[PDB]
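What follows is a single chain, given as structure tokens, in the form deposited in one PDB entry.
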């Protein structure tokens, strides 16, 4: 028995070893209680406003759309403390951990951004933070390791064999299974076993709620479409959630196409994978023909996840949301375009969403359309990656 539905259609569930069910049940009950608690909501709002900097701006980009009938707004999650939307939900999960009387946080990270988010939330709220990281991801992102340690977190390199995000996840869950009475597992996207897809959506949904209020104030109407990048699904479901029942508003999620879908080097399991059971959930994934999980690929480390949150798979299946992909080169061109024309350096993750909006505008430039792109993060972290590529190609 659960208090909430663990499934979105056929997708989702709680596919974890039996020993972890009490931890998930405890978390669900604490979350349901917290959502009914005005004092919890007031504390969460206080942190979001006075520490993280909400509400975030909704920026009109007139230079980008010149000569077309597209009007484009950017929801500026890049302006949030920490530089990405990830900060919203870690503050909520950290408060939820304290509601259950927990004083420790377990997390794991690949690109390092979720680890930085969990470390800053743990520092603020006085929680002991231990972070598992695949040692290869350790080496690939030593800045963020230093940031996490600066912020007092214990970073634990996982050697396993593949020393990657999935290997860090497994060690974090093994830790959690024996420590959940005192430690909370801070999952970093809207995926995994119930209740995490639900909790992460609800702790990200202020993105779409603010966007709705801001666009009604500025344009007097709802968007024709809201557009967000999809790695695991949290920034996209945070944008989408408040619009799901506004059926005139298109919901467009953008998976990384990597070197191109036909190359097999991509991270687009929702549209080009196959349903499996992994990460605690029944969801689309990248996997071999006999059921071994495949590696994904994207120029953007934040989108390099071989599965996707189950609510996205459900919204796709019923046709409420559409999912597309954008290649490395399309994302790179969108990154350059935003830098040059608006003075905003976007995350390469978010650049995938922008690239698809640029294609909607450029392919049909006399189509009138009001578009919102979720600018999920800032791209200072990516300037070295972008530099090495442009340098290697003669630019």
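Just so we're on the same page, rigid core means the largest C-alpha set that superposes within 1.5 Å between forms. Positions refer to the first chain, counted from 1.
This next part talks about the form deposited in another entry, which is not shown.
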Candidates 163, 215, 124, 79 - which moves between the shown form and the other one, C-alpha at least 2 Å, core fixed: 163
Rigid core fit then residue 178 CA moved by 2 Å or more between the shown form and the other one: yes
Is_shifted residue 135 between the shown form and the other one (CA, 2 Å cut-off, rigid core): yes
Exceeds or equals 2 Å, Cα of residue 112 between the shown form and the other one, core fit: yes
